[PDB]
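What follows is a short report on a single structure.
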Amino acid sequence: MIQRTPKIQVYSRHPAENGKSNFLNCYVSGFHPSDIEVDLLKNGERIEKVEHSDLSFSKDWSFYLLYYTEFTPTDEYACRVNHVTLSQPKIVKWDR
Amino acid sequence: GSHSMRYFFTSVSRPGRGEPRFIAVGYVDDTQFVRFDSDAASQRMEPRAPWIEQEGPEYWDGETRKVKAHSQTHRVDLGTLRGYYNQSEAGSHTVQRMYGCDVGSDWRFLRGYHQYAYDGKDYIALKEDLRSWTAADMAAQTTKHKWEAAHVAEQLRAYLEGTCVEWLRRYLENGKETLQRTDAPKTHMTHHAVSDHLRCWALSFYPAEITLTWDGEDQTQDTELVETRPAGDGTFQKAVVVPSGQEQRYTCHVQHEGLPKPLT
Amino acid sequence: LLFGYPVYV
Amino acid sequence: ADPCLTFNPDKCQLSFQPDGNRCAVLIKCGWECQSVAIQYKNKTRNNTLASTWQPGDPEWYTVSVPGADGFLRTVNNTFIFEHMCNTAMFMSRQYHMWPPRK
């Protein structure tokens, strides 16, 4: 019955190097409830072949999830994430 | 060795979508152990860590019955809790759980824990003692009375000590090779200015627990507290701006378990 | 490893 | 049928996996047999063993198995971890976190 604002985050498992393989990681945390729909984007729309982590809820019952995929850093990379705190989207980008 | 952790349970009442879904997850330190999901293709619990796969079907078949049991007690408990507050069955509510132990450097029993959660935050938690509970609602009292009658606290205390702990050490010795590592975080030092008139971070560490102190001054406004983050492999990762000629007296102090010395 | 008695609220 | 008099666990399957920038080794033999002891380095672990491989670490492992005479015989098997820890730990090479030093 209570809503808490989710903190969303696109970043890299390893420091990005031009042409070197890596993982895209969208880490979302602090939210409640756990109904969260996130999609990793690139330039337009492509990667619905997203892999996710399993649901957990930290220390103060605030959930945290990590959605990941494999890529090579170069092209834009962001995360569109919908939560129930508000019904207006959020697109957090991977800004080095 | 300042290393021990917990088990997590999540049950979500679906918007009239039949039966709740249930997530059983486990952990030793920041290293996760077991994976159960009720809408998973496997009605068994899966090992995602390799060093729990040294356990036989005696441990798997005997732990897949128990998690189903947890899913059932959850799926009934939510029916109760929503049944006795003020809800509609078209509604969707959430119940999250906790029980477990920690251990010190002598690997001996550090105090254990056990807490529950309704939609909100804290519902019922085992207090930092043995027989007791901490409740702050009204239904909380009736159910904690229900646990005062069943003599739950001590029968759970006999698990917090002697069952969670020896299994914890058993895990620490069967995965000794993967928990020898106090991965020290590697630092750089960068700058960026936008107006004519920085960054404190850690990159590769095994326990997530790190303090990153940012001269004799205290703060309240300038730093943005950020959460510690998974680097997706078992490692974790973790800013302040000042006038362009005066970012040159401060340093960032770091204390980590794998850091014998705090870094200037 | 898991807690073995069915706890109910 | 019979599980444990068979002289067949020579091929005890093994898998490699990246866990915290080290090559995690998992030697899985049969769980249909007790006393089939698996040994890798200086660690002995029943039917299934889990350790790590780094340059210098062993590339053989011992399997202790009782025979039809009731007597146990230990058999040395050579499987190269240098050929599966270099492949599993590939992204850790580009970023200089493996070998375990630095």
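Chain identifiers are assigned as A, B, and so on, following the order in which chains appear in the structure tokens; residues are numbered from 1 within each chain, and ligands are numbered from 1 in order of appearance.
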
* To do: Write down as JSON, numbers by chain the residues belonging to range 61-167 of chain B that are assigned strand (DSSP E) by DSSP computed on the backbone.
  => {"B": [94, 95, 96, 97, 98, 99, 100, 101, 102, 103, 109, 110, 111, 112, 113, 114, 115, 116, 117, 124, 125, 126, 133, 134, 135]}

* To do: Compute the set of chain D residues within 12 Å of chain A, using only C-alpha atoms, and express it as a list in words.
  => residues 20, 21, 90, 91, 92, 93, 94, 95, 96 and 97 of chain D

Put those residues in a file: N, CA, C and O atoms, as a short mmCIF file (atom, residue, chain, number, x, y, z; two decimals), in the first residue's frame.
data_model
loop_
_atom_site.label_atom_id
_atom_site.label_comp_id
_atom_site.auth_asym_id
_atom_site.auth_seq_id
_atom_site.Cartn_x
_atom_site.Cartn_y
_atom_site.Cartn_z
N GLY D 20 33.85 -14.19 -9.65
CA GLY D 20 34.72 -13.23 -8.99
C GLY D 20 36.13 -13.16 -9.56
O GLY D 20 37.10 -13.02 -8.81
N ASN D 21 36.24 -13.24 -10.88
CA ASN D 21 37.52 -13.17 -11.61
C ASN D 21 38.56 -14.25 -11.27
O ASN D 21 39.75 -13.97 -11.14
N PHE D 90 37.74 -15.11 -20.08
CA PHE D 90 38.18 -14.41 -21.29
C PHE D 90 38.00 -12.90 -21.17
O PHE D 90 38.83 -12.13 -21.64
N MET D 91 36.90 -12.49 -20.54
CA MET D 91 36.61 -11.07 -20.41
C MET D 91 37.46 -10.50 -19.29
O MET D 91 37.66 -9.29 -19.19
N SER D 92 37.98 -11.38 -18.44
CA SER D 92 38.83 -10.95 -17.34
C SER D 92 40.26 -10.75 -17.82
O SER D 92 41.10 -10.23 -17.09
N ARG D 93 40.54 -11.16 -19.06
CA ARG D 93 41.86 -10.98 -19.65
C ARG D 93 42.02 -9.59 -20.24
O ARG D 93 43.07 -8.95 -20.11
N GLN D 94 40.96 -9.13 -20.89
CA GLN D 94 40.95 -7.83 -21.55
C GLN D 94 41.09 -6.70 -20.54
O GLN D 94 41.51 -5.59 -20.89
N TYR D 95 40.76 -6.99 -19.29
CA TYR D 95 40.72 -5.96 -18.25
C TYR D 95 41.72 -6.23 -17.11
O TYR D 95 41.66 -5.60 -16.06
N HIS D 96 42.62 -7.18 -17.35
CA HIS D 96 43.76 -7.45 -16.46
C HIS D 96 43.41 -7.79 -15.01
O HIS D 96 44.04 -7.29 -14.09
N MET D 97 42.41 -8.64 -14.80
CA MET D 97 42.08 -9.06 -13.44
C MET D 97 42.42 -10.54 -13.22
O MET D 97 42.42 -11.03 -12.09
#

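Taking only C-alpha atoms, the non-local environment of residue 90 in chain A within 8 Å (same-chain residues fewer than 2 positions away omitted) comprises residues 79, 80, 81, 82, 88 and 92 of chain A.
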
Please write the residues from the selection above to a file, keeping N, CA and C atoms, as a PDB file, in the first residue's frame.
ATOM      1  N   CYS A  79      18.161   2.791 -20.457  1.00  0.00           N
ATOM      2  CA  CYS A  79      17.175   1.886 -19.891  1.00  0.00           C
ATOM      3  C   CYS A  79      15.865   2.618 -19.683  1.00  0.00           C
ATOM      4  N   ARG A  80      14.815   2.068 -20.290  1.00  0.00           N
ATOM      5  CA  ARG A  80      13.461   2.552 -20.068  1.00  0.00           C
ATOM      6  C   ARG A  80      12.842   1.699 -18.972  1.00  0.00           C
ATOM      7  N   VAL A  81      12.400   2.338 -17.895  1.00  0.00           N
ATOM      8  CA  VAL A  81      11.901   1.603 -16.739  1.00  0.00           C
ATOM      9  C   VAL A  81      10.581   2.181 -16.268  1.00  0.00           C
ATOM     10  N   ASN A  82       9.558   1.336 -16.217  1.00  0.00           N
ATOM     11  CA  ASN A  82       8.281   1.764 -15.676  1.00  0.00           C
ATOM     12  C   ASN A  82       8.010   1.140 -14.313  1.00  0.00           C
ATOM     13  N   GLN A  88       4.605   8.027 -15.424  1.00  0.00           N
ATOM     14  CA  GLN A  88       5.382   8.729 -16.443  1.00  0.00           C
ATOM     15  C   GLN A  88       6.774   8.106 -16.511  1.00  0.00           C
ATOM     16  N   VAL A  92      17.056   6.292 -18.232  1.00  0.00           N
ATOM     17  CA  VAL A  92      18.389   6.664 -17.754  1.00  0.00           C
ATOM     18  C   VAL A  92      19.466   6.130 -18.685  1.00  0.00           C
TER      19      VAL A  92
END

Could you work out which residues of chain B fall inside 9 Å of chain A? Count only C-alpha atoms, and format the result as a PDB file with C-alpha atoms, in the first residue's frame.
ATOM      1  CA  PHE B   8      15.071 -14.216   1.538  1.00  0.00           C
ATOM      2  CA  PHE B   9      11.447 -14.969   0.788  1.00  0.00           C
ATOM      3  CA  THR B  10       8.994 -13.023  -1.360  1.00  0.00           C
ATOM      4  CA  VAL B  12       3.167 -11.463  -4.169  1.00  0.00           C
ATOM      5  CA  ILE B  23      10.586 -16.435  -4.595  1.00  0.00           C
ATOM      6  CA  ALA B  24      12.988 -18.249  -2.324  1.00  0.00           C
ATOM      7  CA  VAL B  25      16.511 -16.931  -2.543  1.00  0.00           C
ATOM      8  CA  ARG B  35      17.139 -20.014  -6.585  1.00  0.00           C
ATOM      9  CA  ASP B  37      10.583 -19.460  -8.253  1.00  0.00           C
ATOM     10  CA  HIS B  93      -0.329  -7.236  -1.815  1.00  0.00           C
ATOM     11  CA  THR B  94       3.208  -8.354  -0.900  1.00  0.00           C
ATOM     12  CA  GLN B  96       8.593 -10.565   2.429  1.00  0.00           C
ATOM     13  CA  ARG B  97      10.433 -12.690   4.997  1.00  0.00           C
ATOM     14  CA  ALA B 117       6.887  -7.922   6.340  1.00  0.00           C
ATOM     15  CA  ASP B 119       2.776  -4.426   2.369  1.00  0.00           C
ATOM     16  CA  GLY B 120       4.553  -1.901   4.544  1.00  0.00           C
ATOM     17  CA  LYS B 121       7.938  -2.046   6.229  1.00  0.00           C
ATOM     18  CA  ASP B 122       8.269  -3.795   9.598  1.00  0.00           C
ATOM     19  CA  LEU B 203      35.557  -0.825  -8.740  1.00  0.00           C
ATOM     20  CA  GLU B 227      23.929   2.800  -3.194  1.00  0.00           C
ATOM     21  CA  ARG B 229      26.059  -1.870  -6.872  1.00  0.00           C
ATOM     22  CA  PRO B 230      26.554  -5.420  -8.262  1.00  0.00           C
ATOM     23  CA  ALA B 231      29.103  -5.817 -11.051  1.00  0.00           C
ATOM     24  CA  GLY B 232      27.242  -8.958 -12.107  1.00  0.00           C
ATOM     25  CA  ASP B 233      30.089 -11.373 -11.355  1.00  0.00           C
ATOM     26  CA  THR B 235      32.083  -7.938  -7.492  1.00  0.00           C
ATOM     27  CA  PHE B 236      30.594  -4.588  -6.580  1.00  0.00           C
ATOM     28  CA  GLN B 237      31.025  -0.916  -7.519  1.00  0.00           C
TER      29      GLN B 237
END
